[PDB]
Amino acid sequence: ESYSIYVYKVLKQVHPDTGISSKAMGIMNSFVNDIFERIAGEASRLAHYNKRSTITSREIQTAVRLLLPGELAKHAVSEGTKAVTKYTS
């Protein structure tokens, strides 16, 4: 799947005056896709483990906590919860 355009929206948010090369953009899209597959596969097995029919932010939080190291898991849990909160609110 392609996420290159959303990687660009983030790039313009972090570094408004910074560009990105095509190879570089392809690597970003490959990294986003590789991480997506890990998280998904992980949430998939937790829903399997708990006999759950619906995958929710609970499985994603559990997956993030398992696969993301150190300070990254703590911050990505704060970012995911915050986003779900402002969507559900």
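In this text, residue numbers run from 1 along the sequence as written.
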Quiz item: Hey, what third does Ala73 fall into on Cα B-factor, ranked over its chain?
Solution: lowest
Quiz prompt | Third of the chain's Cα B-factor distribution that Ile20 belongs to, per the entry | solution = middle
Quiz item: C-alpha B factor of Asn50, ranked within the chain: lowest, middle or highest third?
Solution: highest
Quiz item: Split the chain's modelled residues into thirds by Cα B-factor; is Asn29 in the lowest, middle or highest one?
Solution: middle
Quiz item: Among the chain's modelled residues, which third holds the C-alpha B-factor of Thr56?
Solution: highest
